[PDB]
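For reference, the structure discussed in these notes is given below.
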Amino acid sequence: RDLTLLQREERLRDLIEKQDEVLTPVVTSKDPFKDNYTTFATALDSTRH
Amino acid sequence: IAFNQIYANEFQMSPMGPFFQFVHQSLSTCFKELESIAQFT
Amino acid sequence: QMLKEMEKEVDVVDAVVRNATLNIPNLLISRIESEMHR
Amino acid sequence: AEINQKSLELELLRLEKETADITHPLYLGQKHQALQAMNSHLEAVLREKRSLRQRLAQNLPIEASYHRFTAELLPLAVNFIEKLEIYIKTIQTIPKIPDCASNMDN
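For the protein sequence lines, the chains are H, G, F and E, in the order given.
Quick note on the authors' numbering: the first sequence kicks off at 211 and runs consecutively.
Mapped onto the authors' numbering, the consecutive letters of the second sequence carry residue numbers 250 to 261, 271 to 299.
Mapped onto the authors' numbering, the consecutive letters of the third sequence carry residue numbers 246 to 263, 275 to 294.
Mapped onto the authors' numbering, the consecutive letters of the fourth sequence carry residue numbers 57 to 114, 120 to 167.
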């Protein structure tokens, strides 16, 4: 039982570590993008009517 | 990042592409609308 | 959550991003002649 | 012995359920798709930066995404001009449209 549970936890850790490495840069640049994009889209939308 | 950079520098090749599209779509809709009114009568 | 909140904006932006013998009608000729100076 | 085996199985299944949102291929696949759609969209926006700039500020060197609209605009304009009188008559009939609808109903 102990060996089997340890093997599964190790696999889970490996998977989480690989994801953290790639998600951290995207979350940090999110808020400036969303705000710049929304302002841009609203400005563009006012020229079509 | 590339967008934010262009948004800060340029938004915040000739720039003519969007004018053509708009005029084309608006004019087409106008055509069809008038034809429909005539047909109803 | 960010991707879902930006859907409407994407659409607007997408909308923007995406033998010629001419018989001129008398009505238009009359208009062009009356405003010819302008 | 039998109880011990089943108990282990239960423990394993519970661990898998609790971490599925971040680990299972199904859920991870959905997140990929959402991200690819946005990428493509941004690529397009960057490709048409000049035209978009000109609009905000308001062979022929025109961005390829707009060739169609540019080529078709001529015929469309010609057609409109030629049918101008018909469009004007039609517009004059617009106040009769409610009467026309009532007579037809009768």
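All C-beta atoms in this analysis are idealised placements derived from N, C-alpha and C, irrespective of residue type, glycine included.
Just to make sure I have the definition right: I need the residues of chain G whose C-beta is within less than 8 Å of the C-beta of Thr79 (chain E). Which are they?
Those do not exist, as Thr79 (chain E) stays about 29 Å from chain G at its closest Cβ, beyond 8 Å.
Should the segment 249 to 256 of chain H be called in touch with the segment 77 to 90 of chain E, which here means at least 3 C-beta pairs below 8 Å?
no
Straight-line CA distance for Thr299 (chain G) to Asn282 (chain F)?
25 Å
Output yes if chain H places a C-beta closer than 8 Å to the C-beta of residue 273 (chain F); else output no.
Because chain F is numbered from 263 directly to 275, the model contains no atoms for residue 273 (chain F).
Through-space distance from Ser256 (chain H) to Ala100 (chain E), alpha-carbon basis:
20 Å
Assign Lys144 (chain E) to one of three DSSP states: helix, strand, or coil.
coil
Measuring alpha carbon to alpha carbon, tell me which of E:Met94, E:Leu68, E:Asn140 and E:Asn164 ends up nearest residue 311 (chain G).
A question about residue 311 (chain G) goes unanswered here, because the residues of chain G that appear run from 250 up to 299.
Output yes if chain H places a C-beta closer than 8 Å to the C-beta of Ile295 (chain G); else output no.
no
Does chain G have any CB closer than 8 Å to the CB of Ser256 (chain H)?
no
So, at 8 Å on beta carbons, what are the nonlocal neighbours of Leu121 (chain E) in its own chain, with the 5 sequence-adjacent residues on each side left out?
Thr131
Can you find a C-beta in chain F that's less than 8 Å from the C-beta of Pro276 (chain G)?
yes
Applying the criterion that 16 or more other CB atoms from any shown protein chain within 10 Å of the CB defines a buried residue, is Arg111 (chain E) buried or exposed?
buried
When F:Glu289, F:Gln246, F:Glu291 and F:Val261 are compared against residue 177 (chain E), the one with the closest alpha-carbon:
Only positions 57 to 167 of chain E appear in this structure, which leaves residue 177 (chain E) out of reach.
Is there a Cβ of chain F sitting closer than 8 Å to that of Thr238 (chain H), yes or no?
no
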